[PDB]
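Visitor: The structure is given below, and queries will be raised subsequently.
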Amino acid sequence: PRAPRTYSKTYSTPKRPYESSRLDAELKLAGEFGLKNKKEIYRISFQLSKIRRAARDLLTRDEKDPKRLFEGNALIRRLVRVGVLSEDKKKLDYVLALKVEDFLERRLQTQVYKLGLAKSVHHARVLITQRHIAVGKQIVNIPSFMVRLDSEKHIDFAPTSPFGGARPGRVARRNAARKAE
Amino acid sequence: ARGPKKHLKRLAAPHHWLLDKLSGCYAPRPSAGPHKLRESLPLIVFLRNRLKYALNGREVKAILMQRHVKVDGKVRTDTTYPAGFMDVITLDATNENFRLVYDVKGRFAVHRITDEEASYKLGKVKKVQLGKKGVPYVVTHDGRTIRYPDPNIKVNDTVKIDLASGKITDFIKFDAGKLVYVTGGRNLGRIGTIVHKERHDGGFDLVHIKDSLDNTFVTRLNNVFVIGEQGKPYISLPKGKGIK
Amino acid sequence: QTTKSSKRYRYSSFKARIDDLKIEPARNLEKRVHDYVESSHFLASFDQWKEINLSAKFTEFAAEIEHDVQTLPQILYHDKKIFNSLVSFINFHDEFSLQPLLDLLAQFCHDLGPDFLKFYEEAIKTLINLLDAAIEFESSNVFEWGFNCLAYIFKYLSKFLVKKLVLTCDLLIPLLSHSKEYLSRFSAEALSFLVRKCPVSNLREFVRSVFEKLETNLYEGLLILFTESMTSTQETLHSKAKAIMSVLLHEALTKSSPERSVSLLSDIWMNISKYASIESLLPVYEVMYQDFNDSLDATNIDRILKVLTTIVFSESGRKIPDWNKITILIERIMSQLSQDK
Amino acid sequence: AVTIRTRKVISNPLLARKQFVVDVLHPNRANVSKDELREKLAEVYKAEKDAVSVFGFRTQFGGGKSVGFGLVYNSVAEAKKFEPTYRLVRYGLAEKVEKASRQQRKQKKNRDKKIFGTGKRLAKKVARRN
Amino acid sequence: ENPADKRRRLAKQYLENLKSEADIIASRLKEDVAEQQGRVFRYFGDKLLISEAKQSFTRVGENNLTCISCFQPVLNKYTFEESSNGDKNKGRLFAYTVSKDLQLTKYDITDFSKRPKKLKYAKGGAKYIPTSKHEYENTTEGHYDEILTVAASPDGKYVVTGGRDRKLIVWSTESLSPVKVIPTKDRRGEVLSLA
Amino acid sequence: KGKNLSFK
RNA sequence: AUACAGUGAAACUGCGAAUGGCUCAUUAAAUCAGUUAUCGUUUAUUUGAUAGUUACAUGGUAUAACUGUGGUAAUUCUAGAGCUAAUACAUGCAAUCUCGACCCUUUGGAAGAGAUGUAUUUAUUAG
RNA sequence: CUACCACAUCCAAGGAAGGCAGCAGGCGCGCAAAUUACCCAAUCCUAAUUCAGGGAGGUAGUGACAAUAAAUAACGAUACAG
């Protein structure tokens, strides 16, 4: 019976889902960032919890430790690369200060809304899911894509898109024809 | 089981082969031959997983019986022929000669050699004994029985064998200061000069070896192979010269 | 092996390959690298062979001459060293490097044809030694490379060798007269191309010259030469076929020529007759008869009779178009002998 | 237009060919058939079409590019010699062999297994008995 | 008279010219292929005489000239043919200029002592504004906005022009006639340099 | 090193 | 192909079928995990060495497949007659090397003297 | 393969012959669940051996056991009310 291939859950149910302020908070987060359901919020919270728990464990270690230095530097480098952590807050105490909202704007959906390609968060998700948006060479249809700084600088409409310079859509060409006939 | 096994699972195969785990369910079982299974690398793994000349085993089979591959100066047509340490593989069509020497990590390395170097081998002497009709002979790792050896040759010595004639060109006595290659243990692949031989009667002898970096280690005599004098190896060595 | 087995793969002896081998580069329709040239034929093939062949001797050869073959003017200016380096590496007779080198020999001749004439003598002598050297190590491919290299040189120097076609074969007499049947067979085919391109005039200065040579294995090699020069495709004959035979008949009937020449002509006639159809043989038949009619004399009466016996016997009377006129020739022969004939 | 590029070219005189990775860019086009590639490769490497084999092509997500493997044999004869039978049938160099499904073949093998000898005598015997 | 002989003839004449010009011959042949080896092989700066340079500032018609491109025929060693498009253009040096006035102009610079002489021109304007307003229909024969850059084909057969109008037309060198228009396919992909 | 070709 | 010679059903030989796969009832140093020895053993195969001790090729002491006659309700059931082969079955056949006078020639020839399988079992001798 | 012990199939009743949860597919309730499918093309293994084979293996079929990602709309204008 082949040795099992590793897999993991990307989210965990909160300790008390029904607490009123928690419901209001997830309502706010979803509406601000146009999330489909709470599952994305739980996934992001789980990721933040793991990261900040690692940061706390490292802080518990005495300074100048080889482990503290090595893994702390690695975590800070990853966090700044993903854009969550600013260049001038490259310290573990600031990693401890992160919030779910930060990862949320680091979602591609937020930037495609944000740069002016879309007027609104929901229109932005519609554009993403419809293959109208390209990172560099690559068309991305995943709203949850986490954008790097080099990556956010390269957001654009895809070449194949009708908005990116291609021919009009089936609807547009159909209406143009029926106007011609 | 009630007899010798005939199948080899991939996960059970020697780790140094670097066989891909998801490729299939079975790996080549090295056939009987000069070298032992765990210390041999079958020709298929060389011609496919190392040189990449062949894309599949059937290609390797065609290659072999086209007789372009010569192991040790002799044409071999077996896919799972157990080539091992110090073995010479010649591909005339590619004009290539390879000698099988483990790298520092312990894997057989693709070491290209010249034809003048490909013309011979080194063979560490395992046994020296008188055969029928009182004819002395020597037995090396690769199962070569060479008759009428020089009397000075003893066990643990290294005899330079010519491929065309299969005769001892020269020999090296096992002594302190000689240049040595490790063929087993955690130090497999390392190179260094002998310092001292610890002798334990009724037990495994231990040899101390010092590298070019002055670092010293200890290994069982069974994993010792004299390859020349210090600074004067009788073969071309792989990159890194067995350092670290 | 008329009936082929279901096996995808089948052993073939060296002799079997040699028998099937035929020296005729034109029939090979495979795409040739030297067709597509930017600078020269040599560079085009030379670049390809670096990619394919990894033989040692070819490796040093490429390094020695890579600088001097970049441009055609460079090749012409450095033609001497290119030939000297080329011949040197062939002499090693390393089969693994032969194929790239021999092809480059032909393309070298291709680049500077008229200029290769000064190299012509040395090049042929090198090939002769190689083909003789090819004997002790049996390798059909080496023979295939050797004779195609010769044929290519003939093709490129087709004009020049033709004017002095006698000189060309004088170099190649040892191969045509060699003990091995196949070397003479292969050597004859290369010459057959040159013979097939020879003007009727220059052919006579040839067709005479080989005949006094007849006066060991020269007779058999020459027989293969003319029949191969004559046969073109299955059940068909060459366009020049009539002109070659018309020349051959005149010297054969000429008294100065030895009787062995007439026997050769009989042997040639039978080989072409069995090979060729009725229709292809009509013009060949035609120019037989008038030559006999024109040259009928008492001195050459016996020679005419001998060839005529060959004509009637060859494939019985099936190949003969008209028997009546053969009677007319027979009547004229008597009116003008050897009783046995 | 469609651009074809070859990389990681390895000369394999041992199998007498050249192996390499094919990268084809085909903007505003679905993809390229193997025959079309084999054509282009044949003129590019100055070899016969029959000496060119191409396989394992995957178009990248979103389209516009595809990647596969290519082999160019030095000759057509050696290609027919080495190249796989199924691919020869793909290119038409070999004819598909018609065979029964393994069930019928194995059944027939077992049926022959119960029979000893040519069996013509059993045939004539049952004929005379009937 | 096969093409190989013709190459042999052209090569033979080429060597004779080198022999007439002149070890030395061997060096020059190497220099003929020095470009393939991607290294600097033209050391002539110290030999240049800047102080005696004959300076001239020939003006032109249009305001705010944006780019210039020069074409120099070069003999091809592989085929021994000049890069000139036609026999009339043998050893004729051409320079092409554009400005912000939407005009492409060609000049002849063969004579160094003399100065560039206008041959032909093409001017764009509002006549060429695209009606469709969809980018892919940006296939109008002429310019309708500022021209920024030019490149001349090494074969001497074409000259290509681009600017802030998100397009690339290639013109025939002889007549400056537009043969093809290549839209850039980006709302904000305006051509800035051509090489 | 490989080679490059373009068509259609 | 006037011995045959391509291909080749069937049949006799040769090799393999102790591999692969599947279930967990049993057993608390029983297997097992590490570790050591076989100077106490067998070992197809691979690999390298290894046998000078009628013959221009012996017999059916032989039959299959194959031809044909039959029995049985009936089989991977059958008997009687007739063939024909082997890497199947049996049989089996004017040399070399030493001591070397002559010290003839001083590599050298050379009188003469000599010597010359393997396997099994027992005994003995050297080692 | 021999005899013995049971089971069970044929018959002219004189005799003859019969034994896998390996692969698939079933029974075990009267209440309920993946195909008696395609290939030796791959990795390997056996042979008088490239070429023959291998329910070893591979491919495909089914399905809210689990797990990863996301559609079921997006953008404006106008009218009428408190």
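Convention: chains lettered A, B, ... in structure tokens order; per-chain residue numbering from 1; ligands numbered from 1 as shown.
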Report the residues of chain D whose backbone DSSP state falls under helix (DSSP H, G or I), written as a ChimeraX atom specification.
Guide: /D:34-45,49-51,76-82,85-91,102-114,120-129
Visitor: For chain D, list the residues within 10 Å of chain H, counting only C-alpha atoms (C1' of nucleotides), and write the list as a tab-separated table (two decimals) with N, CA, C and O atoms, in the first residue's frame.
Guide:
```tsv
chain	number	residue	atom	x	y	z
D	84	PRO	N	10.49	3.73	-33.25
D	84	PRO	CA	9.46	2.79	-32.78
D	84	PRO	C	8.41	2.48	-33.84
D	84	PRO	O	8.08	3.30	-34.70
D	85	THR	N	7.89	1.25	-33.76
D	85	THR	CA	6.94	0.77	-34.75
D	85	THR	C	5.67	1.62	-34.76
D	85	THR	O	5.17	1.98	-35.83
D	86	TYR	N	5.14	1.94	-33.58
D	86	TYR	CA	3.91	2.71	-33.51
D	86	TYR	C	4.10	4.09	-34.13
D	86	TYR	O	3.21	4.60	-34.83
D	87	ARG	N	5.27	4.70	-33.93
D	87	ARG	CA	5.53	5.99	-34.54
D	87	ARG	C	5.76	5.86	-36.04
D	87	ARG	O	5.40	6.75	-36.81
D	101	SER	N	-8.08	-9.22	-30.51
D	101	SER	CA	-7.99	-8.83	-29.11
D	101	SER	C	-7.34	-9.96	-28.31
D	101	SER	O	-7.41	-11.13	-28.67
D	102	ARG	N	-6.70	-9.58	-27.20
D	102	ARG	CA	-5.90	-10.55	-26.46
D	102	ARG	C	-6.76	-11.72	-25.98
D	102	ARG	O	-6.27	-12.84	-25.83
```
Visitor: Do you know which residues are at most 10 Å from residue 116 (chain D) counting only C-alpha atoms (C1' of nucleotides), after dropping those on the same chain fewer than 3 positions away, and could you put them as an MDAnalysis selection string?
Guide: (chainID D and resid 112:113 119) or (chainID G and resid 10:11 76)
Visitor: Create the file for the chosen residues now, containing C-alpha atoms (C1' of nucleotides) and written as a PDB file, in the first residue's frame.
Guide:
```
ATOM      1  CA  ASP D 112      -4.148 -25.125 -29.987  1.00  0.00           C
ATOM      2  CA  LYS D 113      -2.670 -26.255 -26.673  1.00  0.00           C
ATOM      3  CA  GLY D 119      -4.563 -32.884 -36.453  1.00  0.00           C
TER       4      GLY D 119
ATOM      5  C1'   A G  10       3.684 -30.411 -36.930  1.00  0.00           C
ATOM      6  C1'   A G  11       7.069 -33.475 -34.008  1.00  0.00           C
ATOM      7  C1'   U G  76      -5.556 -34.113 -23.262  1.00  0.00           C
TER       8        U G  76
END
```
Visitor: Give me, as JSON, numbers by chain, all polymer residues having an atom no more than 10 Å from residue 62 (chain G), counting only C-alpha atoms (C1' of nucleotides) and skipping those fewer than 6 positions away in the same chain.
Guide: {"G": [84, 85, 89]}
Visitor: Any chance you could export the current selection's C-alpha atoms (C1' of nucleotides) as a PDB file, in the first residue's frame?
Guide:
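So the final result, stored in result.pdb, reads:
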```
ATOM      1  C1'   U G  84      12.079 -41.529 -41.701  1.00  0.00           C
ATOM      2  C1'   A G  85      16.462 -37.738 -38.770  1.00  0.00           C
ATOM      3  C1'   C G  89      19.996 -42.723 -27.852  1.00  0.00           C
TER       4        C G  89
END
```
Visitor: Dump as an MDAnalysis selection string the residues of chain C that approach chain B to within 9 Å, counting only C-alpha atoms.
Guide: chainID C and resid 53:56 96
Visitor: As a ChimeraX atom specification, please: the residues near residue 46 (chain C) (cut-off 9 Å, only C-alpha atoms (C1' of nucleotides), same-chain neighbours under 5 positions excluded).
Guide: /C:41,62,66,69,100-101,103-104
